[PDB]
There are 2 protein chains.
Amino acid sequence: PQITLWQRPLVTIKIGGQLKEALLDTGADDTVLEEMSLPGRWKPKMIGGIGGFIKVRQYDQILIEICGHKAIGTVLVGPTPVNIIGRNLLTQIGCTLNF
Amino acid sequence: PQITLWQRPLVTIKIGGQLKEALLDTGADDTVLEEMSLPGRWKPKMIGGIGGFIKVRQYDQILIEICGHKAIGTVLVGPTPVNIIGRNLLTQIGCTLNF
Ligand SMILES: COC(=O)N[C@H](C(=O)NN(Cc1ccc(-c2ccccn2)cc1)C[C@@](O)(Cc1ccccc1)C(=O)N[C@H]1c2ccccc2C[C@H]1O)C(C)(C)C
């Protein structure tokens, strides 16, 4: 589909058996979701945005579905104010910027 | 053009007769640039990101070129880690997300 940017590009994602709303963010290196439980091992990581850094848990090889498109990748979990889908997963669903 | 997301979508912009590198950020509502000088009076604004909020200076009706596409709009200036082109200007250049 073609998503305009008049409003924030929010979409529904399916992860860990849960349905969440997330922001398609081309300015995000990684994908970070609000506090939730995920299977497997994890490693701590510090990620920085405007305002500074926050500590998150890093889970690798996590299955996720965005707008019907299945993908696998690293998912960070921590105190983010909004669910963000970053470039690591946007590439997998074939998302591109056009103008 | 069509920009993939395997790497950061960094582009060249021109403002105040100077070239700068900026990030095309669909997750950003506004456009914020690193400390610089701009004409006219500015208004106060607080913008929130991953690690919190930062105070910025808001300048309106500023001429800015993005990838050669001329735009005229609001540009924020403050302690941002990187130059960010947000939806206010992405919409002016006709940028959309596609997959
Ligand atoms: C590489 O780091 C990242 O990719 N960081 C990502 C990141 O923060 N990305 N970017 C730009 C941005 C880009 C780089 C840096 C940064 C900071 C320190 C060192 C190196 N880079 C900071 C902000 C900004 C993000 O879109 C992320 C975001 C989205 C939604 C809610 C909160 C935060 C954002 O900050 N959006 C806000 C913004 C930006 C400019 C003007 C107004 C506004 C309002 C908001 O729209 C992250 C943490 C999701 C994975």
# chains A, B, ... in the order shown; residues from 1 in each chain; ligands from 1
>>> residues_around(residues="residue 1 in chain B", least_positions_apart="3", cutoff="10 Å", atoms="only C-alpha atoms", output="VMD selection string")
(chain A and resid 96 to 99) or (chain B and resid 4 67 95)
>>> calpha_fit_and_write(fixed="chain A", moving="chain B", output="PDB file with C-alpha atoms, in the first residue's frame")
ATOM      1  CA  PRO B   1       0.312  -0.094   0.022  1.00  0.00           C
ATOM      2  CA  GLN B   2       1.203   3.588  -0.259  1.00  0.00           C
ATOM      3  CA  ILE B   3       1.063   5.534   2.990  1.00  0.00           C
ATOM      4  CA  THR B   4       0.907   9.337   3.018  1.00  0.00           C
ATOM      5  CA  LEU B   5       2.284  11.347   5.940  1.00  0.00           C
ATOM      6  CA  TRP B   6      -0.492  13.826   6.719  1.00  0.00           C
ATOM      7  CA  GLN B   7      -1.074  11.739   9.846  1.00  0.00           C
ATOM      8  CA  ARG B   8       1.308   9.506  11.810  1.00  0.00           C
ATOM      9  CA  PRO B   9       2.022   6.310   9.845  1.00  0.00           C
ATOM     10  CA  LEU B  10       0.559   4.031  12.493  1.00  0.00           C
ATOM     11  CA  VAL B  11      -0.059   0.429  11.538  1.00  0.00           C
ATOM     12  CA  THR B  12      -1.178  -2.752  13.232  1.00  0.00           C
ATOM     13  CA  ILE B  13       1.493  -5.336  13.991  1.00  0.00           C
ATOM     14  CA  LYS B  14       1.230  -8.795  15.529  1.00  0.00           C
ATOM     15  CA  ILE B  15       3.780 -10.182  17.956  1.00  0.00           C
ATOM     16  CA  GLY B  16       3.414 -12.979  20.482  1.00  0.00           C
ATOM     17  CA  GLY B  17      -0.050 -13.618  19.066  1.00  0.00           C
ATOM     18  CA  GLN B  18      -1.168 -10.124  20.050  1.00  0.00           C
ATOM     19  CA  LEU B  19      -2.077  -7.070  17.986  1.00  0.00           C
ATOM     20  CA  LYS B  20      -0.456  -3.714  18.754  1.00  0.00           C
ATOM     21  CA  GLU B  21      -0.258  -0.301  17.077  1.00  0.00           C
ATOM     22  CA  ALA B  22       3.196   0.799  15.948  1.00  0.00           C
ATOM     23  CA  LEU B  23       4.841   3.709  14.135  1.00  0.00           C
ATOM     24  CA  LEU B  24       6.595   3.091  10.788  1.00  0.00           C
ATOM     25  CA  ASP B  25       9.704   5.161  11.504  1.00  0.00           C
ATOM     26  CA  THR B  26      12.333   5.687   8.798  1.00  0.00           C
ATOM     27  CA  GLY B  27      14.363   7.814  11.211  1.00  0.00           C
ATOM     28  CA  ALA B  28      14.724   4.874  13.603  1.00  0.00           C
ATOM     29  CA  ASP B  29      17.607   2.436  13.079  1.00  0.00           C
ATOM     30  CA  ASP B  30      16.007  -0.203  15.302  1.00  0.00           C
ATOM     31  CA  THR B  31      12.607  -1.490  16.396  1.00  0.00           C
ATOM     32  CA  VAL B  32      11.619  -0.822  19.992  1.00  0.00           C
ATOM     33  CA  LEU B  33       8.383  -1.782  21.679  1.00  0.00           C
ATOM     34  CA  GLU B  34       6.786  -0.833  24.979  1.00  0.00           C
ATOM     35  CA  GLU B  35       7.286  -3.195  27.917  1.00  0.00           C
ATOM     36  CA  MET B  36       6.118  -6.698  27.062  1.00  0.00           C
ATOM     37  CA  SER B  37       7.219 -10.308  27.397  1.00  0.00           C
ATOM     38  CA  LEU B  38       9.261 -12.092  24.731  1.00  0.00           C
ATOM     39  CA  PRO B  39      10.849 -15.598  24.540  1.00  0.00           C
ATOM     40  CA  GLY B  40      14.501 -16.504  24.974  1.00  0.00           C
ATOM     41  CA  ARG B  41      17.482 -14.639  26.342  1.00  0.00           C
ATOM     42  CA  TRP B  42      18.075 -10.957  25.781  1.00  0.00           C
ATOM     43  CA  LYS B  43      21.172  -8.780  25.422  1.00  0.00           C
ATOM     44  CA  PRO B  44      21.703  -5.210  26.677  1.00  0.00           C
ATOM     45  CA  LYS B  45      21.514  -2.170  24.438  1.00  0.00           C
ATOM     46  CA  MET B  46      21.445   1.607  24.683  1.00  0.00           C
ATOM     47  CA  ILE B  47      19.516   3.523  22.032  1.00  0.00           C
ATOM     48  CA  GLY B  48      19.660   7.275  21.604  1.00  0.00           C
ATOM     49  CA  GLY B  49      16.819   9.567  20.651  1.00  0.00           C
ATOM     50  CA  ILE B  50      15.910  13.245  20.834  1.00  0.00           C
ATOM     51  CA  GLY B  51      16.026  13.638  24.604  1.00  0.00           C
ATOM     52  CA  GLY B  52      18.822  11.214  25.397  1.00  0.00           C
ATOM     53  CA  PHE B  53      19.349   7.467  25.741  1.00  0.00           C
ATOM     54  CA  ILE B  54      17.364   4.621  27.271  1.00  0.00           C
ATOM     55  CA  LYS B  55      18.371   1.080  28.205  1.00  0.00           C
ATOM     56  CA  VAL B  56      16.444  -1.657  26.389  1.00  0.00           C
ATOM     57  CA  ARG B  57      16.368  -5.449  26.175  1.00  0.00           C
ATOM     58  CA  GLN B  58      17.401  -6.873  22.794  1.00  0.00           C
ATOM     59  CA  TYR B  59      15.702 -10.052  21.544  1.00  0.00           C
ATOM     60  CA  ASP B  60      16.832 -11.622  18.274  1.00  0.00           C
ATOM     61  CA  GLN B  61      15.076 -13.691  15.607  1.00  0.00           C
ATOM     62  CA  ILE B  62      11.608 -12.702  16.813  1.00  0.00           C
ATOM     63  CA  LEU B  63       8.571 -13.308  14.620  1.00  0.00           C
ATOM     64  CA  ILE B  64       6.682 -10.093  13.952  1.00  0.00           C
ATOM     65  CA  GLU B  65       3.979  -9.218  11.434  1.00  0.00           C
ATOM     66  CA  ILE B  66       3.684  -5.661  10.119  1.00  0.00           C
ATOM     67  CA  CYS B  67       0.565  -4.807   8.117  1.00  0.00           C
ATOM     68  CA  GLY B  68       0.252  -8.517   7.438  1.00  0.00           C
ATOM     69  CA  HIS B  69       3.841  -8.735   6.208  1.00  0.00           C
ATOM     70  CA  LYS B  70       5.671 -11.452   8.116  1.00  0.00           C
ATOM     71  CA  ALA B  71       9.163 -10.598   9.323  1.00  0.00           C
ATOM     72  CA  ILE B  72      11.677 -12.247  11.669  1.00  0.00           C
ATOM     73  CA  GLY B  73      14.278 -10.094  13.350  1.00  0.00           C
ATOM     74  CA  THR B  74      15.571  -8.066  16.265  1.00  0.00           C
ATOM     75  CA  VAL B  75      13.046  -6.412  18.538  1.00  0.00           C
ATOM     76  CA  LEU B  76      14.026  -4.137  21.431  1.00  0.00           C
ATOM     77  CA  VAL B  77      11.855  -3.806  24.527  1.00  0.00           C
ATOM     78  CA  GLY B  78      12.033  -0.918  26.952  1.00  0.00           C
ATOM     79  CA  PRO B  79      10.651   2.434  28.210  1.00  0.00           C
ATOM     80  CA  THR B  80       9.870   3.873  24.784  1.00  0.00           C
ATOM     81  CA  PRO B  81       7.054   6.458  24.578  1.00  0.00           C
ATOM     82  CA  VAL B  82       5.550   4.608  21.602  1.00  0.00           C
ATOM     83  CA  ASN B  83       6.012   1.372  19.641  1.00  0.00           C
ATOM     84  CA  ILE B  84       8.458   2.041  16.820  1.00  0.00           C
ATOM     85  CA  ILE B  85       9.161  -0.094  13.764  1.00  0.00           C
ATOM     86  CA  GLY B  86      12.625   0.833  12.533  1.00  0.00           C
ATOM     87  CA  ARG B  87      14.651   0.293   9.383  1.00  0.00           C
ATOM     88  CA  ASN B  88      15.827  -3.191  10.427  1.00  0.00           C
ATOM     89  CA  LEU B  89      12.258  -4.408   9.875  1.00  0.00           C
ATOM     90  CA  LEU B  90      11.114  -1.854   7.271  1.00  0.00           C
ATOM     91  CA  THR B  91      13.793  -3.278   4.993  1.00  0.00           C
ATOM     92  CA  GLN B  92      12.455  -6.799   5.587  1.00  0.00           C
ATOM     93  CA  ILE B  93       8.994  -5.808   4.367  1.00  0.00           C
ATOM     94  CA  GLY B  94      10.373  -3.929   1.360  1.00  0.00           C
ATOM     95  CA  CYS B  95       9.472  -0.426   2.506  1.00  0.00           C
ATOM     96  CA  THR B  96      10.965   2.564   0.678  1.00  0.00           C
ATOM     97  CA  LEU B  97      10.520   6.345   0.700  1.00  0.00           C
ATOM     98  CA  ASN B  98       9.300   7.862  -2.570  1.00  0.00           C
ATOM     99  CA  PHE B  99       8.704  11.359  -3.933  1.00  0.00           C
TER     100      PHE B  99
END
>>> select_by_dssp(residues="chain A", states="alpha helix (DSSP H)", output="PyMOL selection string")
chain A and resi 87-90
>>> select_by_dssp(residues="range 13-96 of chain B", states="strand (DSSP E)", output="mmCIF file with N, CA, C and O atoms, in the first residue's frame")
data_model
loop_
_atom_site.group_PDB
_atom_site.id
_atom_site.type_symbol
_atom_site.label_atom_id
_atom_site.label_comp_id
_atom_site.auth_asym_id
_atom_site.auth_seq_id
_atom_site.Cartn_x
_atom_site.Cartn_y
_atom_site.Cartn_z
ATOM 1 N N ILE B 13 20.462 18.631 2.062
ATOM 2 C CA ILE B 13 19.458 19.685 2.070
ATOM 3 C C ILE B 13 20.222 20.993 1.963
ATOM 4 O O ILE B 13 21.428 21.021 2.190
ATOM 5 N N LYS B 14 19.532 22.064 1.592
ATOM 6 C CA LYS B 14 20.169 23.371 1.512
ATOM 7 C C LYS B 14 19.308 24.376 2.258
ATOM 8 O O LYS B 14 18.111 24.514 1.991
ATOM 9 N N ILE B 15 19.925 25.068 3.204
ATOM 10 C CA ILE B 15 19.222 26.062 3.998
ATOM 11 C C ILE B 15 20.202 27.185 4.320
ATOM 12 O O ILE B 15 21.345 26.934 4.702
ATOM 13 N N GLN B 18 23.509 27.069 2.565
ATOM 14 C CA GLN B 18 24.491 26.059 2.943
ATOM 15 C C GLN B 18 23.954 24.641 2.830
ATOM 16 O O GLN B 18 22.778 24.398 3.079
ATOM 17 N N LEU B 19 24.825 23.710 2.448
ATOM 18 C CA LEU B 19 24.431 22.313 2.323
ATOM 19 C C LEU B 19 24.661 21.610 3.653
ATOM 20 O O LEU B 19 25.633 21.890 4.352
ATOM 21 N N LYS B 20 23.754 20.703 3.991
ATOM 22 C CA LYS B 20 23.830 19.923 5.223
ATOM 23 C C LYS B 20 23.272 18.533 4.927
ATOM 24 O O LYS B 20 22.551 18.347 3.952
ATOM 25 N N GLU B 21 23.611 17.566 5.772
ATOM 26 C CA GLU B 21 23.093 16.209 5.625
ATOM 27 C C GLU B 21 21.958 16.063 6.632
ATOM 28 O O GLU B 21 22.094 16.462 7.788
ATOM 29 N N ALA B 22 20.833 15.506 6.200
ATOM 30 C CA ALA B 22 19.709 15.336 7.109
ATOM 31 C C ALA B 22 19.036 13.989 6.900
ATOM 32 O O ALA B 22 19.145 13.380 5.832
ATOM 33 N N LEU B 23 18.335 13.543 7.939
ATOM 34 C CA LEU B 23 17.642 12.257 7.950
ATOM 35 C C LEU B 23 16.159 12.368 7.586
ATOM 36 O O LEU B 23 15.420 13.083 8.253
ATOM 37 N N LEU B 24 15.719 11.665 6.541
ATOM 38 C CA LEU B 24 14.301 11.690 6.168
ATOM 39 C C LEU B 24 13.653 10.785 7.206
ATOM 40 O O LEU B 24 13.834 9.570 7.173
ATOM 41 N N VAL B 32 13.829 19.282 12.789
ATOM 42 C CA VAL B 32 14.720 19.912 13.750
ATOM 43 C C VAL B 32 16.151 19.789 13.268
ATOM 44 O O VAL B 32 16.599 18.714 12.872
ATOM 45 N N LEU B 33 16.861 20.906 13.299
ATOM 46 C CA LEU B 33 18.240 20.932 12.848
ATOM 47 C C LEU B 33 19.182 21.327 13.971
ATOM 48 O O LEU B 33 18.781 21.992 14.928
ATOM 49 N N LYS B 43 9.851 31.217 18.104
ATOM 50 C CA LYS B 43 8.914 30.907 19.178
ATOM 51 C C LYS B 43 9.445 29.675 19.907
ATOM 52 O O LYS B 43 10.197 28.881 19.340
ATOM 53 N N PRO B 44 9.048 29.494 21.172
ATOM 54 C CA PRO B 44 9.507 28.348 21.953
ATOM 55 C C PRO B 44 8.729 27.076 21.655
ATOM 56 O O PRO B 44 7.551 27.120 21.303
ATOM 57 N N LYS B 45 9.406 25.940 21.782
ATOM 58 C CA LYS B 45 8.750 24.663 21.579
ATOM 59 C C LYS B 45 9.503 23.541 22.268
ATOM 60 O O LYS B 45 10.727 23.575 22.391
ATOM 61 N N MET B 46 8.746 22.559 22.740
ATOM 62 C CA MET B 46 9.316 21.392 23.397
ATOM 63 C C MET B 46 8.960 20.202 22.523
ATOM 64 O O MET B 46 7.791 20.011 22.193
ATOM 65 N N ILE B 47 9.956 19.418 22.123
ATOM 66 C CA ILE B 47 9.675 18.239 21.310
ATOM 67 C C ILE B 47 10.152 17.008 22.063
ATOM 68 O O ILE B 47 11.224 17.019 22.673
ATOM 69 N N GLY B 48 9.344 15.954 22.028
ATOM 70 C CA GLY B 48 9.695 14.741 22.741
ATOM 71 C C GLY B 48 10.157 13.597 21.868
ATOM 72 O O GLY B 48 9.554 13.300 20.838
ATOM 73 N N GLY B 49 11.232 12.948 22.303
ATOM 74 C CA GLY B 49 11.773 11.818 21.574
ATOM 75 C C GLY B 49 11.945 10.624 22.497
ATOM 76 O O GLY B 49 11.359 10.567 23.580
ATOM 77 N N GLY B 52 13.415 11.560 26.100
ATOM 78 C CA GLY B 52 12.845 12.694 26.802
ATOM 79 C C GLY B 52 12.563 13.862 25.881
ATOM 80 O O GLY B 52 12.414 13.681 24.676
ATOM 81 N N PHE B 53 12.502 15.065 26.446
ATOM 82 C CA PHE B 53 12.220 16.266 25.665
ATOM 83 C C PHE B 53 13.387 17.249 25.635
ATOM 84 O O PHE B 53 14.236 17.265 26.524
ATOM 85 N N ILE B 54 13.409 18.081 24.600
ATOM 86 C CA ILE B 54 14.424 19.111 24.469
ATOM 87 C C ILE B 54 13.730 20.396 24.032
ATOM 88 O O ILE B 54 12.705 20.361 23.345
ATOM 89 N N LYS B 55 14.280 21.526 24.458
ATOM 90 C CA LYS B 55 13.739 22.829 24.104
ATOM 91 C C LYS B 55 14.380 23.230 22.777
ATOM 92 O O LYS B 55 15.585 23.064 22.589
ATOM 93 N N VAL B 56 13.577 23.755 21.858
ATOM 94 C CA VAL B 56 14.089 24.173 20.557
ATOM 95 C C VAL B 56 13.534 25.543 20.184
ATOM 96 O O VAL B 56 12.601 26.041 20.819
ATOM 97 N N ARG B 57 14.119 26.152 19.159
ATOM 98 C CA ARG B 57 13.659 27.447 18.679
ATOM 99 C C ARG B 57 12.887 27.179 17.391
ATOM 100 O O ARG B 57 13.399 26.523 16.479
ATOM 101 N N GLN B 58 11.654 27.672 17.322
ATOM 102 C CA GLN B 58 10.821 27.461 16.136
ATOM 103 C C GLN B 58 10.802 28.652 15.194
ATOM 104 O O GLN B 58 10.389 29.747 15.588
ATOM 105 N N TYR B 59 11.242 28.433 13.951
ATOM 106 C CA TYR B 59 11.243 29.477 12.924
ATOM 107 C C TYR B 59 10.213 29.069 11.882
ATOM 108 O O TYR B 59 10.174 27.907 11.473
ATOM 109 N N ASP B 60 9.381 30.011 11.446
ATOM 110 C CA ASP B 60 8.369 29.685 10.448
ATOM 111 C C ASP B 60 8.668 30.261 9.066
ATOM 112 O O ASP B 60 9.452 31.206 8.920
ATOM 113 N N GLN B 61 8.045 29.663 8.054
ATOM 114 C CA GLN B 61 8.180 30.104 6.671
ATOM 115 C C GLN B 61 9.630 30.232 6.215
ATOM 116 O O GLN B 61 10.025 31.234 5.609
ATOM 117 N N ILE B 62 10.410 29.200 6.513
ATOM 118 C CA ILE B 62 11.825 29.146 6.163
ATOM 119 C C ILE B 62 12.012 28.376 4.868
ATOM 120 O O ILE B 62 11.427 27.307 4.691
ATOM 121 N N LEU B 63 12.828 28.919 3.966
ATOM 122 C CA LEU B 63 13.106 28.247 2.706
ATOM 123 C C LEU B 63 14.100 27.122 2.971
ATOM 124 O O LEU B 63 15.132 27.322 3.615
ATOM 125 N N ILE B 64 13.778 25.937 2.475
ATOM 126 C CA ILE B 64 14.637 24.782 2.656
ATOM 127 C C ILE B 64 14.483 23.861 1.453
ATOM 128 O O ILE B 64 13.369 23.620 0.980
ATOM 129 N N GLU B 65 15.608 23.367 0.952
ATOM 130 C CA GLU B 65 15.611 22.482 -0.203
ATOM 131 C C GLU B 65 15.993 21.088 0.279
ATOM 132 O O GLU B 65 16.951 20.927 1.023
ATOM 133 N N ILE B 66 15.232 20.086 -0.138
ATOM 134 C CA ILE B 66 15.496 18.709 0.267
ATOM 135 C C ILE B 66 15.639 17.881 -1.001
ATOM 136 O O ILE B 66 14.684 17.726 -1.751
ATOM 137 N N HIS B 69 14.338 19.432 -3.919
ATOM 138 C CA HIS B 69 12.936 19.821 -3.854
ATOM 139 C C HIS B 69 12.779 21.017 -2.928
ATOM 140 O O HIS B 69 13.037 20.923 -1.726
ATOM 141 N N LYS B 70 12.355 22.141 -3.493
ATOM 142 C CA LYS B 70 12.176 23.356 -2.714
ATOM 143 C C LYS B 70 10.938 23.308 -1.831
ATOM 144 O O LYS B 70 9.847 22.946 -2.279
ATOM 145 N N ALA B 71 11.113 23.668 -0.565
ATOM 146 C CA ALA B 71 10.005 23.696 0.377
ATOM 147 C C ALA B 71 10.127 24.964 1.217
ATOM 148 O O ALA B 71 11.206 25.554 1.302
ATOM 149 N N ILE B 72 9.018 25.394 1.813
ATOM 150 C CA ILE B 72 9.019 26.580 2.668
ATOM 151 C C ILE B 72 8.147 26.275 3.869
ATOM 152 O O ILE B 72 6.931 26.160 3.745
ATOM 153 N N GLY B 73 8.764 26.132 5.036
ATOM 154 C CA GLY B 73 7.977 25.813 6.211
ATOM 155 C C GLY B 73 8.697 25.978 7.532
ATOM 156 O O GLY B 73 9.740 26.630 7.619
ATOM 157 N N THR B 74 8.131 25.366 8.566
ATOM 158 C CA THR B 74 8.683 25.457 9.906
ATOM 159 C C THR B 74 9.899 24.587 10.147
ATOM 160 O O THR B 74 9.884 23.385 9.896
ATOM 161 N N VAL B 75 10.950 25.214 10.656
ATOM 162 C CA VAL B 75 12.186 24.517 10.963
ATOM 163 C C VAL B 75 12.517 24.790 12.425
ATOM 164 O O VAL B 75 12.494 25.941 12.860
ATOM 165 N N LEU B 76 12.812 23.735 13.180
ATOM 166 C CA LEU B 76 13.167 23.879 14.588
ATOM 167 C C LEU B 76 14.684 23.785 14.709
ATOM 168 O O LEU B 76 15.330 23.047 13.968
ATOM 169 N N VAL B 77 15.253 24.540 15.640
ATOM 170 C CA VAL B 77 16.690 24.524 15.841
ATOM 171 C C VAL B 77 16.985 24.296 17.315
ATOM 172 O O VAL B 77 16.461 24.996 18.181
ATOM 173 N N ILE B 84 17.076 16.307 11.378
ATOM 174 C CA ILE B 84 15.918 15.488 11.058
ATOM 175 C C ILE B 84 14.901 16.244 10.221
ATOM 176 O O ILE B 84 14.522 17.368 10.562
ATOM 177 N N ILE B 85 14.480 15.631 9.119
ATOM 178 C CA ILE B 85 13.460 16.217 8.262
ATOM 179 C C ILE B 85 12.203 15.429 8.612
ATOM 180 O O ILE B 85 12.136 14.217 8.378
ATOM 181 N N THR B 96 6.039 9.615 0.347
ATOM 182 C CA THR B 96 5.115 8.628 0.893
ATOM 183 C C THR B 96 5.895 7.362 1.227
ATOM 184 O O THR B 96 7.046 7.205 0.809
#
>>> decode(residues="range 3-84 of chain B", atoms="C-alpha atoms", output="PDB file, in the first residue's frame")
ATOM      1  CA  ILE B   3      14.921   5.286  -1.315  1.00  0.00           C
ATOM      2  CA  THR B   4      15.444   1.885   0.313  1.00  0.00           C
ATOM      3  CA  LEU B   5      16.081   1.562   4.050  1.00  0.00           C
ATOM      4  CA  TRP B   6      19.066  -0.786   4.257  1.00  0.00           C
ATOM      5  CA  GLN B   7      21.042   2.295   5.294  1.00  0.00           C
ATOM      6  CA  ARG B   8      19.901   5.515   6.980  1.00  0.00           C
ATOM      7  CA  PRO B   9      17.921   7.653   4.509  1.00  0.00           C
ATOM      8  CA  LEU B  10      20.352  10.553   4.651  1.00  0.00           C
ATOM      9  CA  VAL B  11      19.992  13.253   2.034  1.00  0.00           C
ATOM     10  CA  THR B  12      21.529  16.612   1.262  1.00  0.00           C
ATOM     11  CA  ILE B  13      19.458  19.685   2.070  1.00  0.00           C
ATOM     12  CA  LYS B  14      20.169  23.371   1.512  1.00  0.00           C
ATOM     13  CA  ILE B  15      19.222  26.062   3.998  1.00  0.00           C
ATOM     14  CA  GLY B  16      20.622  29.558   4.396  1.00  0.00           C
ATOM     15  CA  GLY B  17      22.678  28.943   1.265  1.00  0.00           C
ATOM     16  CA  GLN B  18      24.491  26.059   2.943  1.00  0.00           C
ATOM     17  CA  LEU B  19      24.431  22.313   2.323  1.00  0.00           C
ATOM     18  CA  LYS B  20      23.830  19.923   5.223  1.00  0.00           C
ATOM     19  CA  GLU B  21      23.093  16.209   5.625  1.00  0.00           C
ATOM     20  CA  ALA B  22      19.709  15.336   7.109  1.00  0.00           C
ATOM     21  CA  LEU B  23      17.642  12.257   7.950  1.00  0.00           C
ATOM     22  CA  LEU B  24      14.301  11.690   6.168  1.00  0.00           C
ATOM     23  CA  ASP B  25      12.302  10.675   9.240  1.00  0.00           C
ATOM     24  CA  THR B  26       8.692   9.508   8.892  1.00  0.00           C
ATOM     25  CA  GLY B  27       8.522   8.976  12.654  1.00  0.00           C
ATOM     26  CA  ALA B  28       9.227  12.665  13.274  1.00  0.00           C
ATOM     27  CA  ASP B  29       6.297  15.103  13.327  1.00  0.00           C
ATOM     28  CA  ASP B  30       8.577  18.122  12.928  1.00  0.00           C
ATOM     29  CA  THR B  31      11.878  19.154  11.363  1.00  0.00           C
ATOM     30  CA  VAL B  32      14.720  19.912  13.750  1.00  0.00           C
ATOM     31  CA  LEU B  33      18.240  20.932  12.848  1.00  0.00           C
ATOM     32  CA  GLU B  34      21.457  21.211  14.825  1.00  0.00           C
ATOM     33  CA  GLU B  35      22.402  24.640  16.172  1.00  0.00           C
ATOM     34  CA  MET B  36      22.564  27.200  13.382  1.00  0.00           C
ATOM     35  CA  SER B  37      21.469  30.743  12.601  1.00  0.00           C
ATOM     36  CA  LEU B  38      18.141  31.551  10.947  1.00  0.00           C
ATOM     37  CA  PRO B  39      16.366  34.860  10.086  1.00  0.00           C
ATOM     38  CA  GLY B  40      13.467  36.469  11.918  1.00  0.00           C
ATOM     39  CA  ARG B  41      11.910  35.890  15.305  1.00  0.00           C
ATOM     40  CA  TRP B  42      11.475  32.473  16.845  1.00  0.00           C
ATOM     41  CA  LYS B  43       8.914  30.907  19.178  1.00  0.00           C
ATOM     42  CA  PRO B  44       9.507  28.348  21.953  1.00  0.00           C
ATOM     43  CA  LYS B  45       8.750  24.663  21.579  1.00  0.00           C
ATOM     44  CA  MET B  46       9.316  21.392  23.397  1.00  0.00           C
ATOM     45  CA  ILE B  47       9.675  18.239  21.310  1.00  0.00           C
ATOM     46  CA  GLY B  48       9.695  14.741  22.741  1.00  0.00           C
ATOM     47  CA  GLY B  49      11.773  11.818  21.574  1.00  0.00           C
ATOM     48  CA  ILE B  50      12.996   8.466  22.862  1.00  0.00           C
ATOM     49  CA  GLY B  51      14.986   9.728  25.834  1.00  0.00           C
ATOM     50  CA  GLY B  52      12.845  12.694  26.802  1.00  0.00           C
ATOM     51  CA  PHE B  53      12.220  16.266  25.665  1.00  0.00           C
ATOM     52  CA  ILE B  54      14.424  19.111  24.469  1.00  0.00           C
ATOM     53  CA  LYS B  55      13.739  22.829  24.104  1.00  0.00           C
ATOM     54  CA  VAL B  56      14.089  24.173  20.557  1.00  0.00           C
ATOM     55  CA  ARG B  57      13.659  27.447  18.679  1.00  0.00           C
ATOM     56  CA  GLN B  58      10.821  27.461  16.136  1.00  0.00           C
ATOM     57  CA  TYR B  59      11.243  29.477  12.924  1.00  0.00           C
ATOM     58  CA  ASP B  60       8.369  29.685  10.448  1.00  0.00           C
ATOM     59  CA  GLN B  61       8.180  30.104   6.671  1.00  0.00           C
ATOM     60  CA  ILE B  62      11.825  29.146   6.163  1.00  0.00           C
ATOM     61  CA  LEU B  63      13.106  28.247   2.706  1.00  0.00           C
ATOM     62  CA  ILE B  64      14.637  24.782   2.656  1.00  0.00           C
ATOM     63  CA  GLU B  65      15.611  22.482  -0.203  1.00  0.00           C
ATOM     64  CA  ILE B  66      15.496  18.709   0.267  1.00  0.00           C
ATOM     65  CA  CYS B  67      17.094  16.576  -2.446  1.00  0.00           C
ATOM     66  CA  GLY B  68      16.618  19.540  -4.751  1.00  0.00           C
ATOM     67  CA  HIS B  69      12.936  19.821  -3.854  1.00  0.00           C
ATOM     68  CA  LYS B  70      12.176  23.356  -2.714  1.00  0.00           C
ATOM     69  CA  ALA B  71      10.005  23.696   0.377  1.00  0.00           C
ATOM     70  CA  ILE B  72       9.019  26.580   2.668  1.00  0.00           C
ATOM     71  CA  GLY B  73       7.977  25.813   6.211  1.00  0.00           C
ATOM     72  CA  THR B  74       8.683  25.457   9.906  1.00  0.00           C
ATOM     73  CA  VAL B  75      12.186  24.517  10.963  1.00  0.00           C
ATOM     74  CA  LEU B  76      13.167  23.879  14.588  1.00  0.00           C
ATOM     75  CA  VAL B  77      16.690  24.524  15.841  1.00  0.00           C
ATOM     76  CA  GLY B  78      18.145  23.007  18.977  1.00  0.00           C
ATOM     77  CA  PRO B  79      20.313  20.320  20.652  1.00  0.00           C
ATOM     78  CA  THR B  80      19.247  17.459  18.394  1.00  0.00           C
ATOM     79  CA  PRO B  81      21.740  14.594  17.912  1.00  0.00           C
ATOM     80  CA  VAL B  82      21.194  14.730  14.141  1.00  0.00           C
ATOM     81  CA  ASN B  83      19.423  16.862  11.523  1.00  0.00           C
ATOM     82  CA  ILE B  84      15.918  15.488  11.058  1.00  0.00           C
TER      83      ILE B  84
END
